């Protein structure tokens, strides 16, 4: 395939947290206008990740999905507080192409075969959060705090086997850093699974993305780095092409 540049939008109350620095938008903080803007300038897939806990927070997502699905041309993934089949089913049907699950996946791994059987494996993204514990990659859950004792070697083969469509590979050690994708972790996972692998956490500069794809990543996601305008998405794509990565450009 080619390699994707996925962009990720963190939501509270259907708002984009800290918004964005594109002064040309009408509502920097509006996910719909931001998301559709990223789809006009190079992003290949978008993530809508909701940090809302609240009472009517399942509605605010089903709302925004509906508004987003009529407007945005590229694939959309949703995750944030998705713990059961009800919530995913309702989200895919309201307009979500893929639903992300994590803790609920590790706690009942058949929720992914469940979502898969109904909506197709392509609709199921398993986010795996891992950090080194005593020289050994472990899967963590609950926002990367609960050391589940499942080592990643095995979770990556289980996830594939249970029917997931793609994995987001997030290195907890890189949260907030801007040193680069954990390319050791990517290289460690790469032979364990034929599934598409989305690199996440670390991105700080252009060249980090070239590193991520040589480590075997099928895609790289970042967020703040694009919204702050540290890395201009179009620049990022001309670079990746300059040095032999297969990425889709536009050319006007």
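Residue numbers count along the first chain shown, from 1.
Visitor: Taking the mean of the C-alpha B-factors per stretch from the entry, tell me the winner out of 62-70 and 193-201.
Guide: The deposited B-factors put 62-70 ahead on the C-alpha mean.
Visitor: Which is higher on mean Cα B factor in this entry, 129-137 or 164-172?
Guide: Per the PDB entry, the higher value belongs to 129-137.
Visitor: Can you pull the Cα B-factors for 223, 56, 211, 40 from the entry and say which is highest?
Guide: Each of 223, 56, 211, 40 was compared by C-alpha B-factor; the highest is 56.
Visitor: Within this chain's modelled residues, let me know which third the CA B factor of residue 7 belongs to: lowest, middle or highest.
Guide: Tercile = middle for this residue's CA B-factor.
Visitor: Just say lowest, middle or highest third for the CA B-factor of residue 95 relative to the other modelled residues in its chain.
Guide: Ranked within chain, residue 95 CA B lands in the highest tercile.
Visitor: C-alpha B factor of residue 120, ranked within the chain: lowest, middle or highest third?
Guide: Lowest third.
Visitor: Comparing against every modelled residue in the chain, figure out the third that the C-alpha B-factor of residue 206 lands in (lowest, middle or highest).
Guide: Its C-alpha B-factor, which the entry lists for residue 206, ranks in the lowest third among residues of this chain.
Visitor: Please rank the C-alpha B-factors of the chain's modelled residues and tell me whether residue 155 sits in the lowest, middle or highest third.
Guide: For residue 155, whose C-alpha B-factor we compare with every modelled residue in the chain, the answer is the middle third.
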